[PDB]
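Chemist: Coordinates in coords37.pdb, PDB, C-alpha atoms, are listed below.
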```
ATOM      1  CA  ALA A   2      72.052  15.839 119.966  1.00  0.00           C
ATOM      2  CA  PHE A   3      73.980  12.856 121.332  1.00  0.00           C
ATOM      3  CA  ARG A   4      76.087  14.922 123.736  1.00  0.00           C
ATOM      4  CA  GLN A   5      73.185  17.274 124.449  1.00  0.00           C
ATOM      5  CA  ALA A   6      71.169  14.291 125.685  1.00  0.00           C
ATOM      6  CA  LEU A   7      73.469  14.090 128.711  1.00  0.00           C
ATOM      7  CA  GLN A   8      72.485  17.533 129.997  1.00  0.00           C
ATOM      8  CA  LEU A   9      68.895  17.208 128.775  1.00  0.00           C
ATOM      9  CA  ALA A  10      68.301  13.923 130.601  1.00  0.00           C
ATOM     10  CA  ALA A  11      69.584  15.473 133.829  1.00  0.00           C
ATOM     11  CA  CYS A  12      67.597  18.659 133.224  1.00  0.00           C
ATOM     12  CA  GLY A  13      64.311  16.782 133.470  1.00  0.00           C
ATOM     13  CA  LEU A  14      65.180  14.701 136.518  1.00  0.00           C
ATOM     14  CA  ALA A  15      65.418  18.083 138.236  1.00  0.00           C
ATOM     15  CA  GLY A  16      61.705  17.801 138.960  1.00  0.00           C
ATOM     16  CA  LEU A  17      60.675  20.869 136.973  1.00  0.00           C
ATOM     17  CA  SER A  18      59.387  18.812 134.041  1.00  0.00           C
ATOM     18  CA  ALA A  19      56.725  17.407 136.368  1.00  0.00           C
ATOM     19  CA  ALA A  20      55.499  20.924 137.145  1.00  0.00           C
ATOM     20  CA  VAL A  21      55.071  21.598 133.423  1.00  0.00           C
ATOM     21  CA  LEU A  22      52.742  18.628 132.959  1.00  0.00           C
ATOM     22  CA  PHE A  23      50.297  19.749 135.650  1.00  0.00           C
ATOM     23  CA  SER A  24      49.867  22.920 133.589  1.00  0.00           C
ATOM     24  CA  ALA A  25      49.347  21.161 130.252  1.00  0.00           C
ATOM     25  CA  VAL A  26      46.685  18.970 131.863  1.00  0.00           C
ATOM     26  CA  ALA A  27      44.477  21.959 132.700  1.00  0.00           C
ATOM     27  CA  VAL A  28      45.113  24.244 129.717  1.00  0.00           C
ATOM     28  CA  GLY A  29      43.995  21.400 127.470  1.00  0.00           C
ATOM     29  CA  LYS A  30      41.226  19.703 129.436  1.00  0.00           C
ATOM     30  CA  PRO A  31      39.499  21.790 132.176  1.00  0.00           C
ATOM     31  CA  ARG A  32      38.793  20.157 135.540  1.00  0.00           C
ATOM     32  CA  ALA A  33      35.318  18.719 134.974  1.00  0.00           C
ATOM     33  CA  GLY A  34      34.283  15.924 137.318  1.00  0.00           C
ATOM     34  CA  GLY A  35      35.777  16.628 140.726  1.00  0.00           C
ATOM     35  CA  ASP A  36      34.794  14.660 143.821  1.00  0.00           C
TER      36      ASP A  36
END
```
Before we go any further, please render this structure as structure tokens.

Modeler:
Amino acid sequence: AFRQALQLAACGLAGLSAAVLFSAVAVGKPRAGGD
């Protein structure tokens, strides 16, 4: 996992990891309280 951390760390900086969060934020807690 030491050598795999080199490709994994660069795999997240890609910007895709950020798109995954936005999904986990809704599937867990629905948007209740918009303004």

Chemist: Rounded to one decimal, what separation in Å do you get between atom CA of residue A:15 and atom CA of residue A:28?

Modeler: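 Those two atoms sit 22.9 Å apart.
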
Chemist: Between atom CA of residue A:13 and atom CA of residue A:26, what is the distance in Å, rounded to a tenth?

Modeler: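 If I compute the distance from atom CA of residue A:13 to atom CA of residue A:26, I get 17.8 Å.
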
Chemist: Which distance in Å separates atom CA of residue A:2 and atom CA of residue A:20, to one decimal?

Modeler: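 Separating atom CA of residue A:2 from atom CA of residue A:20 is a distance of 24.4 Å.
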
Chemist: Please give the centre and size of the box around stretch 15-20 of chain A (axis-aligned, containing every atom listed in the file, 6 Å added per side), with values in Å to one decimal and written as lines of an AutoDock Vina configuration file.

Modeler:
```
center_x = 60.5
center_y = 19.2
center_z = 136.5
size_x = 21.9
size_y = 15.5
size_z = 16.9
```

Chemist: Some atoms are missing, so please complete stretch 2-27 of chain A with N, CA and C atoms and return it as a compact mmCIF listing (two decimals), keeping the file's coordinate frame.

Modeler:
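Saved file part09.txt follows:
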```txt
# COMPACT_ATOMS: atom_id res chain seq x y z
N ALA A 2 73.13 16.11 118.98
CA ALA A 2 72.05 15.84 119.97
C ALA A 2 72.43 14.68 120.89
N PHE A 3 73.51 13.99 120.54
CA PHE A 3 73.98 12.86 121.33
C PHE A 3 74.60 13.33 122.64
N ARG A 4 75.43 14.37 122.56
CA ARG A 4 76.09 14.92 123.74
C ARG A 4 75.13 15.81 124.52
N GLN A 5 74.17 16.40 123.82
CA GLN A 5 73.18 17.27 124.45
C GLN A 5 72.19 16.47 125.27
N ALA A 6 72.09 15.18 124.98
CA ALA A 6 71.17 14.29 125.68
C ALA A 6 71.63 14.04 127.12
N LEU A 7 72.91 14.29 127.38
CA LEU A 7 73.47 14.09 128.71
C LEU A 7 72.98 15.17 129.67
N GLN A 8 72.93 16.41 129.18
CA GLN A 8 72.48 17.53 130.00
C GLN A 8 70.96 17.63 130.00
N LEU A 9 70.35 17.17 128.91
CA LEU A 9 68.90 17.21 128.78
C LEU A 9 68.24 16.18 129.70
N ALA A 10 68.83 14.99 129.76
CA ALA A 10 68.30 13.92 130.60
C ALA A 10 68.37 14.30 132.08
N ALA A 11 69.40 15.05 132.45
CA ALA A 11 69.58 15.47 133.83
C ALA A 11 68.78 16.74 134.13
N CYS A 12 68.37 17.43 133.07
CA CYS A 12 67.60 18.66 133.22
C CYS A 12 66.15 18.35 133.58
N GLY A 13 65.68 17.17 133.18
CA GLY A 13 64.31 16.78 133.47
C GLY A 13 64.17 16.13 134.83
N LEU A 14 65.19 15.37 135.23
CA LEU A 14 65.18 14.70 136.52
C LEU A 14 65.15 15.73 137.64
N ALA A 15 65.41 16.98 137.28
CA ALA A 15 65.42 18.08 138.24
C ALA A 15 64.10 18.16 139.00
N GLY A 16 63.01 17.77 138.33
CA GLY A 16 61.70 17.80 138.96
C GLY A 16 60.84 18.93 138.43
N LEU A 17 61.40 19.75 137.55
CA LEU A 17 60.68 20.87 136.97
C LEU A 17 59.75 20.39 135.86
N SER A 18 60.18 19.37 135.13
CA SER A 18 59.39 18.81 134.04
C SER A 18 58.02 18.36 134.54
N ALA A 19 57.97 17.87 135.77
CA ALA A 19 56.72 17.41 136.37
C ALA A 19 55.76 18.56 136.60
N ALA A 20 56.31 19.73 136.90
CA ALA A 20 55.50 20.92 137.15
C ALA A 20 54.90 21.47 135.85
N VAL A 21 55.54 21.14 134.73
CA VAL A 21 55.07 21.60 133.42
C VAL A 21 53.87 20.79 132.96
N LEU A 22 53.84 19.52 133.33
CA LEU A 22 52.74 18.63 132.96
C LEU A 22 51.43 19.07 133.60
N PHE A 23 51.48 19.32 134.91
CA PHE A 23 50.30 19.75 135.65
C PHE A 23 49.61 20.94 134.98
N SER A 24 50.40 21.75 134.27
CA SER A 24 49.87 22.92 133.59
C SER A 24 49.22 22.54 132.26
N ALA A 25 49.85 21.61 131.55
CA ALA A 25 49.35 21.16 130.25
C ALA A 25 48.07 20.33 130.40
N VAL A 26 47.86 19.79 131.60
CA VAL A 26 46.68 18.97 131.86
C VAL A 26 45.43 19.82 132.04
N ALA A 27 45.61 21.06 132.49
CA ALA A 27 44.48 21.96 132.70
C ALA A 27 44.20 22.83 131.48
```
